[PDB]
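The analysis underlying the following values was restricted to heavy atoms, covering all of them including side chains, and did not include hydrogens, waters or symmetry mates. Chain letters run A, B, ... following the sequence lines, proteins first and then strands; every chain starts at 1.
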Amino acid sequence: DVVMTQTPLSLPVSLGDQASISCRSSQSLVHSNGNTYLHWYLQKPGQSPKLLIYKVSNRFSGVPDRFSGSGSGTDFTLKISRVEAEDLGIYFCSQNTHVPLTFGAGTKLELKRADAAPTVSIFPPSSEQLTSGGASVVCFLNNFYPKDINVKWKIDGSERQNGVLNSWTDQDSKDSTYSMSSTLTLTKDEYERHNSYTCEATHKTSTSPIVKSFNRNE
Amino acid sequence: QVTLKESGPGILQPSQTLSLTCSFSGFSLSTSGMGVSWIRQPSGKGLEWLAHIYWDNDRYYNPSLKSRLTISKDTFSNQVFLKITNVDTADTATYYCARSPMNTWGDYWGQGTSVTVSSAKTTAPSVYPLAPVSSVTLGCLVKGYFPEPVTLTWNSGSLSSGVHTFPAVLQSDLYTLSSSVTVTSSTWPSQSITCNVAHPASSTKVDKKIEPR
């Protein structure tokens, strides 16, 4: 298949800035009929893709002149001038010169804001879950920026990777931050064999991780 | 105006046949050059094109799935169909149909239809209150349900500010989600905070009050 390599994957920008998105194909997208079937689309959460540019550089109906496409052969660029809030979303390239039709992985155009450290909260298993025979430990890491974060779970000071479920929110429409939920699921017998439970958050706002812990008996 | 609406079964068991319908308006598959494609998007993954049909019944398929796919149309009814045989968990995705004439492939997309392929049985969630170990953060853990979705509110929807309801994640065929709520210390525990969780598929509605430990 024709592989479409889209960069960057994440593109933070300020409103009014220009954003540039690159799409490189594994082989030329020039069709035998002379046309180049490279398109650009914008997709928002819970919405379907909307066509912005067709055949490299043609704007589709209703698309503002701030969107412009360029390139040829295997190298293509979408430039968005004077970015507005309604432009934020995922952009992707597609090709239909070759079967199968293929797509780039997408570029998330996001709003840049000041750095914010996550607010970290840890929760032991509820009495109801323990009665049921289970034990989940939850950690919320809320309202941080940039989006890049790492969570490490430790049981009695030892790193635990298995049984971790992570979920992330989309950038907040009001404060432009991100939030994350991390759940460590253990058996109740495992929970009843260890004392210390720790959520450690590594983020660009601190050289040392933010550590939230509790002791099962304290 | 051009409009497209996908319809499907919602949930299927592995090995069953998926039958999708694209009902459209504002264009005709009798028009020279007109075509329609099917594309799918598993949650948070890449788009995958499936098949295409033109007004003259020229049909194209994704080579890796061709033996499992059949695209067809009912021109007078303004409908396009896709049949996918022997489905498995990897066929879980949102399925889109898109108007795709010769010069402008995929120029108008439908809003999609969600398809879940699973052998899981309808399972109501276990709802657990998350009380803590200036401001206080409480939570609600909604664990082990099938299928999606659940609706989660705080104080019957009256508590909406400072709420983060996270997307569900799959674990051993069941979904789990969580929600956090942050209120001032003078608000809780002096005032009641309850997470309300409804799972229409199991016809359940559970209220879990957050109590101090």
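Contacts between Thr185(A) and chain B at a heavy-atom distance below 4.5 Å involve the side chain alone, from C-beta outward. For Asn166(A), the part lying near chain B is the backbone, with the side chain staying farther off; criterion is any non-hydrogen pair under 4.5 Å. With a 4.5 angstrom heavy-atom cutoff, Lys174(A) does not touch chain B via any of its atoms. Contact of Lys212(A) with chain B is not made at all, since no heavy-atom distance falls under 4.5 Å. Only the side chain of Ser61(A) comes within contact range of chain B, with heavy atoms under 4.5 Å apart. Proximity to chain A (any heavy atom under 4.5 Å) is restricted, for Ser179(B), to the backbone atoms N, CA, C and O. Looking at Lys45(B), there are no atoms closer than 4.5 Å to chain A (heavy atoms on both sides), in backbone or side chain. Both the backbone and the side chain of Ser181(A) have a heavy atom closer than 4.5 Å to some heavy atom of chain B. Neither the backbone nor the side chain of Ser127(A) comes within contact range of chain B; no heavy atom of the residue lies under 4.5 Å from a heavy atom of that chain. Neither the backbone nor the side chain of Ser126(B) comes within less than 4.5 Å of any heavy atom of chain A.
Residues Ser10(A) and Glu110(A) share a closest heavy-atom pair of OG-OE1, 3.3 Å. Between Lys73(B) and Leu29(B), the shortest heavy-atom contact is CD-CD1, 3.8 Å. In terms of heavy atoms, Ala93(B) sits closest to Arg40(B) at CB-CB, 4.0 Å. The two atoms that bring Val120(A) and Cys199(A) nearest to each other are CG1-SG, 4.3 Å, heavy atoms only. Here the closest non-hydrogen pair linking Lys55(A) and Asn103(B) is NZ-OD1, 2.8 Å.
Applying ring pair (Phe, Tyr, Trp, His ring centres under 6.0 Å) to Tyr96(B) and the options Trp109(B), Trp38(B), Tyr108(B) leaves one that passes, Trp109(B).
Options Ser64(B), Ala98(B), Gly106(B), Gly112(B) differ in how many heavy-atom pairs under 4.5 Å they form with chain A, and the most are formed by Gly106(B). Residue with the most contacts toward chain A among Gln41(B), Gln111(B), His52(B): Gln111(B) (heavy-atom pairs, distance under 4.5 Å). Top candidate by heavy-atom pairs under 4.5 Å with chain B, chosen from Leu165(A), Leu51(A), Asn35(A), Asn96(A), is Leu165(A).
A salt bridge links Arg160(A) with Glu190(A); the closest basic N to acidic carboxylate O contact falls under 4.0 Å. A salt bridge links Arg66(A) with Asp87(A): the distance from a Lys NZ or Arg NE/NH1/NH2 to an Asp or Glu carboxylate oxygen falls below 4.0 Å.
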Would you check, one step at a time, whether the test side chain to side chain donor-acceptor pair (under 3.5 Å) holds for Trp49(B) with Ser37(B)?
-> CA-CA 8 Å; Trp49(B) 172 78; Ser37(B) 270; 3.1 Å; yes

Check against salt bridge (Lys or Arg N to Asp or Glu O under 4.0 Å), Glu192(A) and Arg216(A) = CA-CA 8 Å; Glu192(A) 288 187 334; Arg216(A) 179 180 33 82; over 6 Å; no

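We find the CG-OG distance between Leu52(A) and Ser68(A) to be 11.0 Å, quoted to the nearest 0.5 Å.
Side-chain contact between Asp189(A) and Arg193(A) is present, with at least one heavy-atom pair separated by less than 4.5 Å. Using a 4.5 Å cut-off on side-chain heavy atoms (C-beta onward), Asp107(B) and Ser100(B) make no contact. You'll find the side chain of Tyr37(A) reaches within 4.5 Å of the side chain of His31(A), heavy atoms only. At least one side-chain heavy atom of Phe146(B) sits less than 4.5 Å from a side-chain heavy atom of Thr116(B). Side-chain contact between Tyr61(B) and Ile71(B) is present, with at least one heavy-atom pair separated by less than 4.5 Å. In this structure, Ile193(B) and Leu159(B) have side chains that are in contact, with non-hydrogen atoms separated by less than 4.5 Å. Looking at heavy atoms from C-beta onward, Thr107(A) lies out of side-chain contact with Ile90(A) at the 4.5 angstrom threshold. Using a 4.5 Å heavy-atom cutoff, the side chains of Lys50(A) and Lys44(A) are not in contact.
Ring geometry for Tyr41(A) against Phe92(A) counts as parallel: the plane angle stays under 30°, on a 0 to 90° scale with 60° as the upper cut.
Around atom CD of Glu218(A), more than 12 heavy atoms belonging to other residues, nucleotides or ligands sit under 6.0 Å away. More than 12 heavy atoms of other residues, nucleotides or ligands sit less than 6.0 Å from atom CD of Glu159(A).
You'll find the ring centres of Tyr191(A) and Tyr197(A) inside the 6.0 Å limit.
Scanning residues 139-156 of chain A against chain B with a 4.5 Å heavy-atom cutoff picks out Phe140(A), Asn142(A), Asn143(A), ordered by number. At a heavy-atom cut-off of under 4.5 Å, chain A is reached by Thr165(B), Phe166(B), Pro167(B), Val169(B), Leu170(B), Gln171(B) from residues 165-175 of chain B, listed in order of number. Proximity to chain A at a heavy-atom threshold of 4.5 Å picks out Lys208(B), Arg213(B) from residues 205-213 of chain B, in numerical order. Heavy-atom proximity under 4.5 angstrom to chain A picks out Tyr128(B), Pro129(B), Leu130(B), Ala131(B), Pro132(B), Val133(B), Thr137(B) from residues 128-137 of chain B.
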